[PDB]
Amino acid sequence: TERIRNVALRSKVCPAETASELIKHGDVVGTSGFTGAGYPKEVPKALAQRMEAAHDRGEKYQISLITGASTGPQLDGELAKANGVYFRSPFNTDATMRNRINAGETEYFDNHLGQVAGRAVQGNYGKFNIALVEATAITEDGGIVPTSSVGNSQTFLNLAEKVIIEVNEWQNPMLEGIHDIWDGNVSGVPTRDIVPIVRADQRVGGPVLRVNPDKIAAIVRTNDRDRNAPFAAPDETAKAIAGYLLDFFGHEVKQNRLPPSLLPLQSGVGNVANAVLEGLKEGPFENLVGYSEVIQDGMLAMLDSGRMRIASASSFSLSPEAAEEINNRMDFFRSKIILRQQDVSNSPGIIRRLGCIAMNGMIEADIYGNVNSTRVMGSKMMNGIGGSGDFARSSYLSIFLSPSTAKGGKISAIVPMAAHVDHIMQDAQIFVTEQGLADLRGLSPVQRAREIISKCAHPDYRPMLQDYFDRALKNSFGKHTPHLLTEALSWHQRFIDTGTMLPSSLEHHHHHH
């Protein structure tokens, strides 16, 4: 059946190559795309080819690329291969784009996801020349039905001088109705509207993105798949982490500090999250609710069983198998899922009101429970802060989960001092590794260190951590948050120099004695 139900707009249909010509060197381009879902695909591929051709002739051709969050090979990948992006925000997971960022070839700033729309409207990224948005369909009155994510698309459509729509027949038609797009002032000029969400299953808007049809310069018919990353199977480390967390939830319930239905749940993606979702499926809890950035594989089963009653997100983050499950049963799942603008899914006011439980990953934390989510050795970007700050700070409970080591034991995830900080002590209450769980509620920094070192640190590193702390307590400038500035970042430099944080027995180390 016809996906473009507004007859007039059919006249704007053209090839991807032609559409890409609308995008000029220097342009600021806002696109759909969040957790590898719903980003434009064919126009960026064509743009990349033309960029490379220009470069080969000594002609400059680069854009500023602002997204919802991560995209995929067709967008971040192709443009990065072409060296076609001078600035990128707010969140990337493509390896080639990451390499451009870490080489300084692409300037990058990872804004809190829930804040991106507001900062865009304030003009922080400049004037938007293009909005490039993937659609499932265009309605009779010209509404744009998003695909597998909402992200920042409404904001980009509002701001952009010209609009290009990719109508993707790969995307299931029955996605129409799953989205909730509000015309309220969430990220516009103050005073903003109250975002009146008081339950995770509440709809406040309608099913379509709105745009003046006169701004639509091109529509491209496509048929291409999202990036449905392979299911990250939980390993025994992930299962141990989930076990400690689930035991903790169980205890909170028995102490009446959580209801038996817990509270609305947010989790980052990865095998730890997968392990947690598997544990919840088998746990004693009931009537669970998701209020998160993403819909993950493990939710589909819980929505199917009835263990989870509703899941709110801005995007899908599904494996190929889960994507197939939801496509064959979209009629059912559409009734169980709400996809929102990311400035709503990640709204601090709503997150706090609902009392979300935030569960996020990390690169490392220091002994005082400051968390690095982004910068390896302090300087090399991984993905970005994403919505981890939106959720950590606003949550009823902020939980960080990670293996206690990385790189086959050569890195400790618990260090004397984080090489970069994304989440301060005040934004992290519970830490979980395969070694155990640290409950830091109501503790001073020194008390936090005692819990993190004892419960979370790996046996290969705990004595080294204890030694640093003990000597810091004796010698630190102040004793409120003891540090030895001469060696605080020395484990990181040891890794840089030698490829491991484990000390050689060929030199003196205080913990060896």
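All residue numbers are counted from 1 along the displayed sequence.
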Averaging the C-alpha temperature factors as deposited, the higher value of 108 to 116 versus 221 to 229 falls on 221 to 229
Could you check which stretch, 434 to 442 or 404 to 412, carries the larger mean CA temperature factor in the entry? 404 to 412
Residue with maximal Cα B-factor (values as given in the PDB entry) among 126, 389, 320, 188: 320
Per the PDB entry, which option out of 169, 422, 134, 364 has the greatest Cα B factor? 169
Among all modelled residues of this chain, ranked by Cα B factor, put residue 36 in the bottom, middle or top third, i.e. lowest, middle or highest. middle
Temperature factor at the Cα of residue 385, chain-ranked in thirds, falls in the lowest
Check where residue 282 lands among this chain's C-alpha B-factors and tell me if it's the lowest, middle or highest third. highest
Hey, what third does residue 471 fall into on Cα B-factor, ranked over its chain? middle
C-alpha B factor of residue 375, ranked within the chain: lowest, middle or highest third? lowest
